[PDB]
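Values quoted throughout were computed directly from the atomic coordinates according to the rules given, and no laboratory measurement underlies them. Please note: Cβ atoms are built from the backbone with ideal geometry, for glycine as well, and neighbour counts cover all protein chains shown.
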Amino acid sequence: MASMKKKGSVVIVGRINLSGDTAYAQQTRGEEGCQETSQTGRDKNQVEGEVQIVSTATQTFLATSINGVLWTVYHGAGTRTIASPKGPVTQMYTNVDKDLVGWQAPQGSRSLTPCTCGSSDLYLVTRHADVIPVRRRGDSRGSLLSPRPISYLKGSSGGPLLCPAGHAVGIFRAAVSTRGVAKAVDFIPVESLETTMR
Ligand SMILES: COc1ccc2nc(C)c(O[C@@H]3C[C@H]4C(=O)N[C@]5(C(=O)NS(=O)(=O)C6(C)CC6)C[C@H]5/C=C\CCCCC[C@H](NC(=O)OC(C)(C)C)C(=O)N4C3)nc2c1
Ligand SMILES: [Zn+2]
């Protein structure tokens, strides 16, 4: 009992910059400071933007602010706290059945607006700041206009699917692949986030 360890916090280690004409990834914390911040849960770095790059000791993925909540996937974050300036912050939403978790959005983040356009021409933002056109094919599925090996999507769970107007349509959850090629994506619809919020 006395030797039982505690899992560290999720740590924001960068962001996908979508503020201008060019999307690009930025790193805000190196691996060493990440490990220390994960243990203490104390992250004094200023947060900016809608899409964060997050890490644990063993995984890296994305997290997306929508409606004042920073959302990501349960298969990345588990039940972990997230680091913040004043210490670990406990999840506000947890739903393993949807592969979904959420924390209060960090001070300084900006939130995406939930999409009400009803459009099926979507855009997936990856951890490498690729903007991938995706045609919506169902409530939780969309096809890549240009399929790519799954290597190019690995690490992007928790990222957004956006409509042409830049609203949040869903959270990237899983890749649909045949012989290692991602032809489609599975995502958590924003309406499912809004229901979780109730
Ligand atoms: C632990 O409790 C739970 C609860 C609910 C749950 N629901 C789930 C649906 C679920 O799927 C598992 C995790 C998820 C996943 O890899 N996503 C990411 C990702 O980037 N991840 S990540 O950032 O690298 C990471 C690993 C966090 C750091 C987006 C894709 C990028 C490349 C695909 C790699 C090849 C795996 C292809 C799987 N295709 C797949 O299952 O397709 C369907 C059509 C769904 C069968 C897949 O995509 N997979 C399996 N796991 C869970 C686990
Ligand atoms: Zn929209």
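Quick notes on this one:
- Taking a Cβ cut-off of under 13 Å around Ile66, the surrounding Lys, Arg, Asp and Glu residues balance to a net charge of -2, with basic ones at +1 and acidic ones at -1.
- The stretch 31-87: C-alpha gyration tensor shape, a/c 1.5 cut-off, then a/b vs b/c: oblate
- Normalised by 2.2 N^0.38 Å, where N is the number of residues, the C-alpha radius of gyration of the stretch 33-129 stands at 1.10.
- Residue-count net charge about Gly8 - beta-carbon cut-off 14 Å; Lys, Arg +1, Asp, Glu -1: +2
- For the chain, the spread of Cα coordinates along the three principal axes comes to 51, 35, 34 Å, biggest extent given first.
- Taking the number of Cβ atoms within 10 Å of each Cβ as an exposure proxy, the fewest-first ranking of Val11, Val131, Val176 is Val131, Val176, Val11.
- In units of the compact-protein estimate 2.2 N^0.38 Å, the stretch 113-198 shows a Cα radius of gyration of 1.01.
- Maximal additional length on extending the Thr113-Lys7 stretch stands at 34.9 nm, based on 0.36 nm per residue less the C-alpha distance.
- Within the stretch 136-158: backbone nitrogen closer than 14 Å to the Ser177 label point (7 Å, Cα to C-beta): 147-157
- Taking 7 Å steps out from each Cα toward its Cβ at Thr195 and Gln46 produces label points 4.0 nm apart.
- MRE, 222 nm, helices only [DSSP H, n ≥ 4, -39500 (n - 2.57), over the chain, to nearest 500]: -2500 deg cm²/dmol
- In degrees, nearest ten, helix 31-40 long axis to first principal axis of the chain (Cα): 60 degrees
- Cleavage-rule hits (trypsin sites (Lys or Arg not before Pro)) in the stretch 1-91: DSSP loop, at most 16 neighbouring Cβ within 10 angstrom: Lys5, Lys6, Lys7, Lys44, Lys86
- Which of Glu48, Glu32, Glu194 has the fewest Cβ neighbours within 10 Å, and the rest in rising order: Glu32, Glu194, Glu48
- For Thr196, neighbours were defined as the other residues whose beta-carbon sits under 11 Å from its Cβ, and their charges (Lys and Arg +1, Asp and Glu -1) total -1.
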